[PDB]
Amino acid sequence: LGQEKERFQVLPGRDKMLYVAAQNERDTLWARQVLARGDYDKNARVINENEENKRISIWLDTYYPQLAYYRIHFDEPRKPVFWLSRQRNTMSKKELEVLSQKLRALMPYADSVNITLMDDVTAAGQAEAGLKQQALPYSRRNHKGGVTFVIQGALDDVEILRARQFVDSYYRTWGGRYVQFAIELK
């Protein structure tokens, strides 16, 4: 990979394909272009966290429709970590091993998929803390199966930016399936 060794990871697939793991969309596009140039399109794929999370969510929409979960993390791409709700889980260890097996089959570059339970109260508390940290007025509204944090009042361009970066960061960690943020409209 050369000077690109820090941006990308090449992983072997169970499907005999090669996977290039990228860190963002701009690297993903560029990497796909390089592939589409040397004609490796049929033999290699470029992956990223955001796309893979969307792709697996589609599959879950049809196979595990009532599933209470957060997000998959790929800090170690050969061993992704699937974050599930601790409070809202209904499945036994055996059923969770089945899910993990089916997730592995969907990600040919993954040795295994670890299912890890995450606390809902913690999920919402980390959202609250980040808003308190920036002395942002907000209302926490608890609904059935989620929480909305409504950010209130006017904010300057800097504060609008700093709040958007917090929100973006939160979603990258937790996904947008449980806690959501919104901006007050008056």
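Quick note: we count residues from 1 along the sequence shown, nothing fancier.
Higher mean CA temperature factor, per the PDB entry, when comparing 8 to 16 with 160 to 168: 160 to 168.
Of the two stretches examined, 39 to 47 and 120 to 128, the record assigns the greater average C-alpha temperature factor to 39 to 47.
Residue-level inspection of the entry shows that, of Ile151, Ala31, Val147, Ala154, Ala154 has the top Cα B-factor.
The entry lists a Cα temperature factor for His143 that places it in the highest third of the chain's modelled residues. Per-chain ranking of the deposited C-alpha B factor places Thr90 in the highest third. In this PDB entry, the Cα temperature factor of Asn53 sits in the bottom third of its chain's modelled residues, the lowest group.
Among the modelled residues of its chain, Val179 has a C-alpha B-factor that falls in the middle third, as given in the PDB entry. The PDB entry assigns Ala68 a C-alpha temperature factor belonging to the lowest third of its chain's modelled residues.
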